[PDB]
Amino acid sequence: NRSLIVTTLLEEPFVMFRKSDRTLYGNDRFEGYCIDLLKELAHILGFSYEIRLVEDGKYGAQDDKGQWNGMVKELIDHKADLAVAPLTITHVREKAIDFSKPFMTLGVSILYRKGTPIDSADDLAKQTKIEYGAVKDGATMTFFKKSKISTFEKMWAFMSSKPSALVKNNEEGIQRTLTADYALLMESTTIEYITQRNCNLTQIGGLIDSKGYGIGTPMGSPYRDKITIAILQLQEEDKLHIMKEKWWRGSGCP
């Protein structure tokens, strides 16, 4: 019996400040796939909400102490009721928060420029001339830091041996791929969005893993199962199909 606090962070095309000449306030400041998703969920489940951006602007990772940051920490501390963002469902996080069923499936892949002999993650691990990395304190960095596969634990050694290999956010990683000889380990959903608007970048290889995005809630929250039921309803109504195609404009790349 009160409006739910929704934590999130800005990232194209999921959550962005809507462009306008007038000054906007409240939830109307935001647009994007995740904003449309929250609006549909709020209508089905019938709740009011307030969008708040996570202060540290991080998704969530654990330090060497076991403490969380980013949106994950907001849920653990019960400072937010829902986390509506491209929040990756991982087994590790399931022990600290609850996830709905996934509303989007994805995988880790590689962002790099076109016209190159590189075709796999193993090609990056076999050399040191081409730098590579990932976003700091994200599920992608966590995947390489926790991996027990020889190739990935070697790539993680290379990522953690260079100070600027791990970037603060997507924009820094994208710009580094453009200005330097650098490949970015990034989730396939954003790669699709970028390669559709930058014809000089492409996805290298396929998906290194397979996972999904889910709505995060504090552990034991009753809204988790309700959000799952709402997500399934949106799938059945083909509304998640429309939403992706609305915000993934298309490849104008010949």
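Take the two forms, find the largest set of C-alpha atoms that superpose within 1.5 Å, and that set is the rigid core. Each residue number is its position in the shown sequence, starting from 1.
Farther from the shown form on average, by C-alpha root mean square after a core fit in 6 other deposited structures of this protein, is 234-242, of the stretches 234-242 and 12-20. Taking the rigid core as the alignment reference, the C-alpha atoms of 221-229 lie farther on average from the displayed form in 6 other deposited structures of this protein than those of the other stretch among 221-229 and 32-40. Looking at the other PDB entries for this protein, residue 251 is absent from the model in a third or more of those that include the residues around it. When the C-alpha B-factors of 28-36 and 218-226 are averaged, 28-36 comes out higher. Judged by mean Cα B factor in the deposited record, 13-21 ranks above the other of 13-21 and 232-240. When the C-alpha B-factors of 60, 212, 57, 206 are read from the PDB record, the largest value belongs to 57. Of the candidates 105, 177, 160, 88, the one whose C-alpha carries the top B factor in the deposited record is 160. When all modelled residues of the chain are sorted by CA temperature factor, residue 140 is found within the lowest third. When the CA B factors of the chain's modelled residues are split into thirds, the value for residue 113 lands in the middle one. Compared with the other modelled residues of the chain, the Cα B-factor recorded for residue 171 ranks in the highest third. Sort the chain's modelled residues by C-alpha temperature factor and residue 78 lands in the highest third, per the entry.
When the modelled residues of the chain are ordered by their C-alpha B factor, residue 69 lands in the highest third.
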